[PDB]
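Asker: Got a sequence here, can you build the structure:
(one chain, ligands or ions: 1)
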Amino acid sequence: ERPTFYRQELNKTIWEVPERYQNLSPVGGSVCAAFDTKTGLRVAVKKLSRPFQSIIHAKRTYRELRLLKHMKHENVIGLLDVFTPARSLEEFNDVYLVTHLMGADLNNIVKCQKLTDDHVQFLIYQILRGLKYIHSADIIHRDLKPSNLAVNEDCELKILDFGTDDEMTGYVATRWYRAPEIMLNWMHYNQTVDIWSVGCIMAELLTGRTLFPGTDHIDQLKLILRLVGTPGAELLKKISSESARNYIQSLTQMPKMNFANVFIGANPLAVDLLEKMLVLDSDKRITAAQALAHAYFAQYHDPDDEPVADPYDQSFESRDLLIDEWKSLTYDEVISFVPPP
Ligand SMILES: Fc1ccc(Oc2ncc3c(NC4CCOCC4)n[nH]c3n2)c(F)c1
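Answerer: Numbering: from 1, shown residues only. Take a look at the structure below.
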């Protein structure tokens with residue numbers, strides 16, 4: 001049966017939610033912290049803003065719901081609930097998404113300081129465990145950074161936000177964790193972009209400092225190539241962008257630096273893993289599954305406790321539909337939702 005809904009204005013927006021959700025408080029569509037009286041969980045409730053205003057927006061709403069409904073893993077943000085106050089498809093215009101409330105993000109944890117090697121092991125282990133799962137469903141995060149890695153008091157981690165030009169401009173953390181092939185659109189990229197991001201994050205946990213804090217795209221590329229070396233003939237061929245390939249060749253060649261001299265005092269196993277993650281040629285980067293079996297994670301690794309995902313049908317991604325068609329599909333997904341045990 002349909003629960004009773006009550007109304008409240010919070011972010012100059014009217015939130016209409018089931019009675020079970022109490023003490024709604026803004027934290028950041030708009031997001032509110034709340035207490036789910038049915039489960040006893042502290043939750044985050046996200047109300048999507050104008051979910052069906054255009055074809056692009058309607059498809060994005062469907063995409064986010066499909067992604068969240070699929071993810072069922074300890075280290076990945078999943079759906080506790082999804083609801084609409086609408087009683088029918090014709091009334092349907094708002095979507096609310098509910099997940100676990102996490103206390104902080106990784107930026108709050110690092111706070112300009114070094115973490116202990118054990119803390120780094122545990123945090124990177126969980127990220128990679130979550131990524132193995134996400135990647136196994138043929139999903140790419142594409143935008144991994146400390147701000148979308150949420151953590152509780154016990155350092156337990158979940159991945160958020162998986163799946164404009166102005167905000168990528170300049171001295172900005174929005175670009176610092178991006179693989180060079182996507183920052184400069186070198187080629188058709190794949191899952192390996194996420195491993196680059198993990199490398200950048202891991203380095204920052206170890207040193208307390210941004211690995212590649214570029215002041216712009218070009219400055220960042222220079223910082224990258226100084227560490228990992230300029231591309232060889234092999235990688236150059238794979239840069240399908242003739243323009244990008246042409247620019248790359250104009251740069252003075254540089255050898256790969258010694259990572260042990262860059263990361264002074266770090267666990268030699270951490271240095272080794274960083275060398276395997278921060279490879280310029282994406283074809284040759286370590287995968288999440290391979291990284292989990294690396295000696296650095298010896299105390300956490302368990303091949304029987306690192307699950308993969310059920311098949312994820314994303315044929316909708318190459319489909320062209322009307323607004324009302326994406327809207328109907330979204331409605332079907334809301335109505336059919338089954339809460340976790
Ligand atoms: F179903 C969802 C999916 C993602 C959502 O977005 C979101 N945003 C944020 C959080 C959060 N905590 C953040 C962590 C970073 O600092 C601010 C609070 N815990 N859970 C969260 N979920 C959401 F609210 C509902």
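
Asker: What residues does the stretch 1-150 of the chain have near the ligand?
Answerer: Counting by CB under 6 Å from any ligand atom, the stretch 1-150 of the chain comes close to the ligand at 27-28, 31, 44-46, 68, 77, 79, 97-102, 104-105, 150. The C-beta positions use only the backbone N, C-alpha and C, and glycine is treated the same way.

Asker: Quick one: buried ones out of those residues?
Answerer: The neighbour count (16 or more other CB atoms under 10 Å) marks 44-46, 68, 77, 79, 97-102, 105, 150 as buried among these.

Asker: in the protein, which spans are helices?
Answerer: When secondary structure is read from DSSP state H, the chain shows helices at 55-70, 106-110, 117-136, 173-176, 180-183, 192-207, 217-228, 233-238, 242-249, 259-262, 268-277, 288-292, 323-335.

Asker: Pick the most buried one from these.
Answerer: Ranked by average neighbour count under the criterion mean count of other CB atoms under 10 Å, the helices of the chain are headed by helix 192-207 at a mean of 24.

Asker: What helices and strands are in contact with it?
Answerer: Packed against helix 192-207 by the contact rule (3 or more CB pairs under 8 Å, 6 or more residues apart in numbering; DSSP states H and E) you find helix 106-110, helix 117-136, helix 180-183, helix 268-277, helix 288-292.

Asker: tilt between the fourth one and helix 117-136?
Answerer: Orientation of helix 268-277 against helix 117-136 (axes from the mean of the first three to the mean of the last three CA atoms, to 10 degrees) gives an angle of 30 degrees.

Asker: Determine how far helix 268-277 lies from the middle of the whole chain.
Answerer: Relative to the chain's own centre, helix 268-277 is displaced by 22 Å; criterion: CA atoms, centre = their mean, to the nearest Å.

Asker: how far off helix 192-207 does that helix point, in degrees?
Answerer: Going by the same axes, to 10 degrees, helix 268-277 makes 150 degrees with helix 192-207.

Asker: Could you do the second one as well?
Answerer: Orientation note: helix 117-136 sits at an angle of 170 degrees relative to helix 192-207 (the same axes, to 10 degrees).

Asker: Which residue, neighbours along the chain excluded, lies closest to residue 229?
Answerer: With CB to CB, 6 or more residues apart in numbering as the measure, residue 256 is the residue that lies nearest to residue 229, at 3.7 Å, once sequence neighbours are left out.

Asker: The one you found and the ligand, how far apart?
Answerer: Using CB to the nearest ligand atom, to the nearest Å, residue 256 is found at 35 Å from the ligand.

Asker: Check residue 247 too.
Answerer: To the ligand, residue 247 is 37 Å away according to CB to the nearest ligand atom.

Asker: So which of the residues of the stretch 1-150 of the chain next to the ligand belong to strands?
Answerer: Restricting these to those inside strands, with DSSP state E as the criterion, leaves 31, 44, 45, 46, 97, 98, 99, 100, 104, 105, 150.
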